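Reading through the C-alpha cells given below for one structure.
All of the numbers you see were taken from the coordinates with simple rules; none came from a lab. Please note: Cβ atoms are built from the backbone with ideal geometry, for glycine as well, and neighbour counts cover all protein chains shown.
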C-alpha cells in the first residue's frame, strides 16, 4: 500500500517511521518499529555525546551494549525489553 505511518513510542504520536533497520538484533527492530526517524534523531544526538562523555567505544562489546542501555531510558523508557539469543526452531 501507499500508507506508512507508524506510532512512535518516544513521541507517543503517529509518524512515518523508518524504512530500514539501523540497530542490530531485536533492539534495532523496536527502534526501527516504535522509534520513528524523528525520535531517533533525538537519541543519535545524545548518543554521540554520551559516547564522548561517558568514554564509550562502539568497537568494544562492553560499551556497545552500554549505549543500547542508555537509549532505552531515553526512547524505550517503558518497555526495557532486552533479548539476546533468538533462534527459531521451526515455528513462532
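Sort 59, 1, 71, 49 so the one with the fewest other Cβ atoms within 10 Å of its own Cβ comes first.
1, 59, 49, 71
To make sure I understand, if each residue's beta carbon is the centre and we count other beta carbons within 10 Å, what order do 51, 83, 31 fall in, fewest to most?
83, 51, 31
Once the Cβ-Cβ distance between residue 19 and residue 62 is put in as r, and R0 is 22 Å, what FRET efficiency do you end up with, to the nearest 0.05?
0.10
Using only the Cα atoms of the chain, build the gyration tensor, take square roots of its eigenvalues as a ≥ b ≥ c, and label the shape rounded, prolate or oblate: rounded if a/c is under 1.5, else prolate if a/b is larger than b/c, else oblate.
oblate
How much length, in nm to one decimal, is gained on full extension between residue 73 and residue 29, taken as 0.36 nm per residue of separation minus their Cα-Cα distance?
Contour length minus the Cα-Cα distance gives 14.2 nm.
Suppose the chain between residue 55 and residue 91 were pulled fully straight at 0.36 nm per residue; how much longer would it get relative to their current alpha carbon spacing?
Between residue 55 and residue 91, full extension yields an extra 8.8 nm.
Where does each of 91, 79 land when they are ranked from fewest to most other beta-carbon atoms within 10 angstrom?
91, 79
With the contact rule set at Cα under 8 Å and sequence spacing of 6 or more, what percent relative contact order holds for segment 1-75?
25 percent
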